[PDB]
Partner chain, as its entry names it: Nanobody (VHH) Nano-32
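One chain follows as structure tokens, the form solved without its partner chain.
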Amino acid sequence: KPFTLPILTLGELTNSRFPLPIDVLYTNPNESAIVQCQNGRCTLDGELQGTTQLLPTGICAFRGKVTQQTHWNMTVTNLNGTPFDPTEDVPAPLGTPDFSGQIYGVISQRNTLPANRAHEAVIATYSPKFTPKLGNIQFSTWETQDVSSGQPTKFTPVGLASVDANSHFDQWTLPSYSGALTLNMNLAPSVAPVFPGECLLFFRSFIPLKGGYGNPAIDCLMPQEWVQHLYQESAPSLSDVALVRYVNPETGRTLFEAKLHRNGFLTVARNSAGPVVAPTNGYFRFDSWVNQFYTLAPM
């Protein structure tokens, strides 16, 4: 069964690590951190890994119930409402955020015609109280009282609360899904170029801010639509590296080429940082299976 990628321009793709459209392609060769994100992780033959799931509405979302108290403790279930089983071979409930920061969104409740309420809320994923693998998290509100206990609760993500020093935003620092003294488990593996002159290529989105100064961004290894496509196709991988070309359909010319690695990420032969300037109509097309000694044409 032949391997394929969808035909979608950058303006038709969304981020797999936060609910945002893709804004630009991006490189940063001098990144010193280990890249080991857990959302947007899928092998080329269609195996989801980490905390990755298929719903665009599930990325950085939570479902559960508030237990007690401005901060509130919430037990979390699986996104489909079934109880989360901590013994399952996953790092945390699928969809759980995969980075350190103060995530800003809306908590809403519909009581078990029922009464309703919603408020702005913040979830600090670096907090010792952020233990989703144990089945519970904490969120804070500006609202001081009108949050009900024991009623079905939803968290809709919107952006970040802040990116100043005291807010610990770092997109490559994983949360401690079970707490500070416990090791994370069942992680999708780290990714990196394994050839001189190459660097990772990211799909970059800019993320909203509730206040303060800054222009924060979230980089993903593959867009959510690629995760969904690879899962459907389940095409066998015929080598460890696929050669793909970024083409201009109008002119028919290749703008640059890249390696698409079996574990699900891209590298290019580029020695600079920043956005990739390309026509709006461009997209990646599969060319052939190669190996780890293939020399990419410098972009």
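Only residues modelled in both forms are compared. Numbering follows the first chain given and starts at 1. Just so we're on the same page, rigid core means the largest C-alpha set that superposes within 1.5 Å between forms.
The same protein also exists as the form solved in complex with its partner chain; that form is not shown, yet it is the one meant from here on.
Chemist: Is there any non-hydrogen atom of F130 lying within 4.5 Å of its partner chain in the entry with it bound?
Modeler: Looking in the entry with it bound, residue contacts with its partner chain do not include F130, since no heavy atom lies within 4.5 Å.
Chemist: Against its partner chain in the entry with it bound, would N184 count as a contact residue? Criterion: heavy atoms within 4.5 Å.
Modeler: No, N184 stays farther than 4.5 Å from its partner chain in the entry with it bound.
Chemist: Please determine whether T77 contacts its partner chain in the entry with it bound, using a 4.5 Å cut-off between heavy atoms.
Modeler: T77: contacts its partner chain in the entry with it bound.
Chemist: So in the entry with it bound, does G179 come within 4.5 Å of its partner chain, heavy atom to heavy atom?
Modeler: Heavy-atom contact with its partner chain at 4.5 Å: absent for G179.
Chemist: Can you name the residues of 137 to 176 that have a non-hydrogen atom within 4.5 angstroms of its partner chain in the entry with it bound?
Modeler: Read in sequence order, the lone residue that approaches its partner chain (within 4.5 Å, in the entry with it bound) is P152.
Chemist: Which residue, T251, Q232, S239, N271, is displaced 2 Å or more at the Cα between the shown form and the other one after superposing the core?
Modeler: The listed residue whose C-alpha shifts by at least 2 Å is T251.
Chemist: Listed by sequence position, which runs of three or more consecutive residues have C-alpha shifts of 2 Å or more between the shown form and the other one, the rigid core held fixed?
Modeler: After superposing the rigid core, the only shifted stretch between the shown form and the other one is 249 to 252.
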